[PDB]
Amino acid sequence: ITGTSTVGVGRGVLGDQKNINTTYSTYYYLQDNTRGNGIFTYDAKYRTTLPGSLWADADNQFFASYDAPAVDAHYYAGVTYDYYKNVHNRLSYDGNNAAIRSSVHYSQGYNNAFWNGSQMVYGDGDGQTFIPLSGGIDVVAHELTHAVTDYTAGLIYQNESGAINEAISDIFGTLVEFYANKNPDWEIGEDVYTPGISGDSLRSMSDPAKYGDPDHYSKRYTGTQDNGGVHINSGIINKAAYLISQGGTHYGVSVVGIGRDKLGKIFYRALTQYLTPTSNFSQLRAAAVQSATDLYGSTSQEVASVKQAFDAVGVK
Ligand SMILES: CC(C)C[C@H](NP(=O)(O)CNC(=O)OCc1ccccc1)C(=O)NCC(C)(C)C
Ligand SMILES: [Ca+2]
Ligand SMILES: [Ca+2]
Ligand SMILES: [Ca+2]
Ligand SMILES: [Ca+2]
Ligand SMILES: [Zn+2]
């Protein structure tokens, strides 16, 4: 909407206070004009028709319980935008400052979040499996990264390409979490998963097997559930990414860690210059090796570490 840029204040899902960029025109809207062509957050009002209504508030204060998922979707979309712009020189998900749209309060008891081809969508959770999913910065960045993937590599959402698609979202979700630097880890969704259980998460990149996800190609799922295991086989690539960044010895194969920033550069380059819609795990290895070669040189530690990590997870 047309209005003047303002700054509201509210509390997120976890009870933390934050400032948010809003727009004033009669109401204060969750419309952040400071980033690209805007970040826009909508109320789906417990229904499934999208996007719903652009979030309107009378006083620019967002401290109601109902406000919390909107505050976080809006704010964490901003952080994710900043990460891509500042770290990778990418302007929004399409590289041309596309408006970023999110809807919260989607459906009832909805234990998921997704990119629907055009926008991000967040359930509130059922209060047991999840609390409102926009409360996780890794979750928000995971969803926005699906848009990035769709505009770039275009990885088809099934089988190996789909597992790469998933891992890319977990990898950048985690890198954005580190970028924001509030309780960062290599776990996925820990801030919004199972409020009654401390210390767990939806997935682990450092040890995917802790939740039964494969950490080696020999343990890949080959059935038809979950689009051929896109959220399962992602563990193999998540583990490789974790090893590239942090190092470790995995099934007897030692990897020298090169750090998060280089992991991010290598995978961002792979995603945007080498991966295609049908890339499989072997092709991702090749893409990552080539990306590291481009950035650091064929004889570099970075290249050696990428090879070590894929060796460790059984991807040749
Ligand atoms: C980061 C977590 C919190 C959310 C994450 N959601 P996602 O974006 O991967 C769900 N993806 C999904 O719904 O794709 C299917 C799809 C395809 C085209 C248009 C709309 C929807 C996830 O891992 N979902 C899978 C669960 C088993 C955890 C629910
Ligand atoms: Ca208010
Ligand atoms: Ca965390
Ligand atoms: Ca996390
Ligand atoms: Ca939990
Ligand atoms: Zn996903």
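Quick note: numbers below take in every heavy atom, side chains included, and nothing from hydrogens, waters or symmetry partners. Quick note: residue numbers are just sequence positions, from 1.
In this model, no donor atom of one side chain and acceptor atom of the other lie less than 3.5 Å apart for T48 and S107. Looking at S234 and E166, their side chains never bring a donor and an acceptor atom within 3.5 Å of each other.
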I'd like a table of donor-acceptor pairs (distance under 3.5 Å, sequence neighbours excluded) in which one partner is a side-chain atom from residues 236-244, with atom names and distances.
unit_1, atom_1, unit_2, atom_2, d
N238, ND2, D170, OD2, 3.0
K239, NZ, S206, O, 2.7

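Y75 meets the ring pair (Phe, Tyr, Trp, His ring centres under 6.0 Å) test with no other residue; sequence neighbours excluded. Taking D207 as the reference, nothing meets the salt bridge (charged side-chain N to carboxylate O under 4.0 Å, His left out) condition, with sequence neighbours excluded. The side chain to side chain donor-acceptor pair (under 3.5 Å) check on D59 picks up nothing, with sequence neighbours excluded. Judged as a salt bridge (charged side-chain N to carboxylate O under 4.0 Å, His left out), and not counting sequence neighbours, the contacts of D32 are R35. Every residue two or more places apart in sequence or in another chain that forms a salt bridge (charged side-chain N to carboxylate O under 4.0 Å, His left out) with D294 is listed here: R269. For the side chain to side chain donor-acceptor pair (under 3.5 Å) test, no residue two or more places apart in sequence or in another chain qualifies with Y93.
Alongside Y157, the hydrophobic cluster contains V230 (criterion: ILVMFWY side chains under 4.5 Å). Grouped by direct or indirect side-chain proximity (heavy atoms under 4.5 Å, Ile/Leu/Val/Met/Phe/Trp/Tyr only), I197 sits alone. With a 4.5 Å cut-off between side-chain heavy atoms of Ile, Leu, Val, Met, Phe, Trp and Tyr, the cluster of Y29 takes in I1, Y27, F40, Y42, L54. Grouped by direct or indirect side-chain proximity (heavy atoms under 4.5 Å, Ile/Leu/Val/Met/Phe/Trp/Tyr only), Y28 sits with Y24.
Remark: the backbone N or O of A98 is paired with a side-chain donor or acceptor of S92 at under 3.5 angstrom. With hydrogens and angles disregarded, a donor-acceptor distance shorter than 3.5 Å links the side chain of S103 to the backbone of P51. Of the possible polar contacts, none joining the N233 side chain to the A163 backbone as a donor-acceptor pair under 3.5 Å is found.
Linking ILVMFWY side-chain heavy atoms closer than 4.5 Å, directly or via other members, places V303 and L271 in a single hydrophobic cluster. In this structure, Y110 is not a member of the same hydrophobic cluster as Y193, with clusters built from ILVMFWY side-chain heavy atoms closer than 4.5 Å.
A salt bridge between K210 and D200 is absent, with no side-chain N of the basic residue lying under 4.0 Å from a carboxylate O of the acidic one.
Applying the ring-ring contact (aromatic ring centres under 6.0 Å, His included) rule to pairs touching residues 272-298 yields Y217-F281, sequence neighbours excluded.
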Full working for salt bridge (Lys or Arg N to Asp or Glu O under 4.0 Å) between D67 and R11:
CA-CA 8 Å; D67 299 339; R11 273 190 296 264; over 6 Å; no

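Residues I20 and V71 approach most closely at CG2-O, 4.0 Å, considering heavy atoms.
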